[PDB]
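Shown next as structure tokens: one chain only, the form deposited in one PDB entry.
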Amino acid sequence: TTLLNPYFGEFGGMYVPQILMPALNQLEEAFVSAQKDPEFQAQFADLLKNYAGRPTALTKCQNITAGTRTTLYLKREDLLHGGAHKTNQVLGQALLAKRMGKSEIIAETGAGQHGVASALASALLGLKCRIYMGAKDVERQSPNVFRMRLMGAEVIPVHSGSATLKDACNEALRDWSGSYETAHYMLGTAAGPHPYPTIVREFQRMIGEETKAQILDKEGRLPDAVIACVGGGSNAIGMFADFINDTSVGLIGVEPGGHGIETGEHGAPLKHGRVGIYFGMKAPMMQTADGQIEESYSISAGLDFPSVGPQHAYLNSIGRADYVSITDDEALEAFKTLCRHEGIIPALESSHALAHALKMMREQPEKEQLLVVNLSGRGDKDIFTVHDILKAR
């Protein structure tokens, strides 16, 4: 028995060892209570405004759309404290942890932005934070490791499997299964077992709510489409949620195409995987014929995960949202374009969303369209990676 629906159509659920069910039920109950609690809401709002810096800007980028009929805005989550949208929901989950009387946080991270958000929130609110991170990601997202450690978090490299985000997720969940009495698992995306996909959406939905208000102010109408990258699903569902009932507004999610879908080296399960059960949920997965979970690949550590949140699988299935893929090379071109023509250095994750918007414009340059791209984070963490690639060229 749960208070809220654990499923989105076929997708979702609570596929965890029995030991963890009380913890998930306790978290669900605390969330439902908090959502009705004006004092909780006021605390959360205060942190978002005065600590994190919400609301974030909506920037019109009128060099990159020159000569076309596309108008493009960027929702500037890169300006949030910590440098990505991850900060929004970590502040809410940290308050839930305190509400439940927990003193310790476990988190996984890939890009290191969720890790940094977890560390900063733990420093502010007086929690002991330990963060699992794949060893390959420790190397390719090294600036974030330094930031986490300076803020007092323990960062634990994971050498198992692909040594990337999936492997960090595995270790975090194994830890929680033994530590849940004292530790809250601060899952960093809209995936995993119920109630996480629901909590993460509700604590990210200010992205879309602000976007709506801002675009109505500037343009007097809703966007033709909103576009967001999809690693596990949080920044995309945060952008989409407030528009789901606005049927004219396209919702486009961008999965990592890696070296190309045809190579098998990608992270695009929604469109190229098969429903399975893993990481506490029934969702599209990259899996072998026999049902082993495959290793994903992306140039972007934050998108490098072989599954996706169940609400995106649902929105796809009913045709309310469309999902596409962008390759490493496409993402790199969009990264370079934004740096040189708008003076914004985007996260490589966010560069996937931008690359698809640029393709929408370039493919049909006389199509009138008003687009919003969620610029989910800044690219400081990626500058060494990108430099080394452009140099090798």
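Start at 1 with the first residue shown and count on from there. C-alpha atoms forming the largest set that superposes within 1.5 Å between two forms make up the rigid core.
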{"item": "37 to 45 versus 23 to 31 - which carries the larger mean C-alpha B factor in the record", "value": "37 to 45"}
{"item": "Higher-B stretch (mean Cα B-factor, as the entry records it), 57 to 65 or 324 to 332", "value": "57 to 65"}
{"item": "Largest Cα B-factor, entry values, listed residues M206, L80, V158, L303", "value": "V158"}
{"item": "Top residue by Cα temperature factor, when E202, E210, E219, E255 are compared in the entry", "value": "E219"}
{"item": "Third of chain Cα B-factors occupied by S376", "value": "lowest"}
{"item": "Cα B factor band for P143 (lowest, middle or highest third within the chain)", "value": "highest"}
{"item": "Lowest, middle or highest third - CA B-factor, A228", "value": "lowest"}
{"item": "Within-chain third of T263 by Cα B-factor, per the entry", "value": "highest"}
{"item": "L270 - Cα temperature factor, lowest/middle/highest third of chain", "value": "highest"}
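The same protein also exists as the form deposited in another entry; that form is not shown, yet it is the one meant from here on.
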property	result
From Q214, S317, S142, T71, residue displaced between the shown form and the other one - CA threshold 2 Å or more, rigid core	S142
Rigid core fit then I244 CA moved by 2 Å or more between the shown form and the other one	no
Cα displacement of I156 between the shown form and the other one reaching 2 Å, rigid core superposed	yes
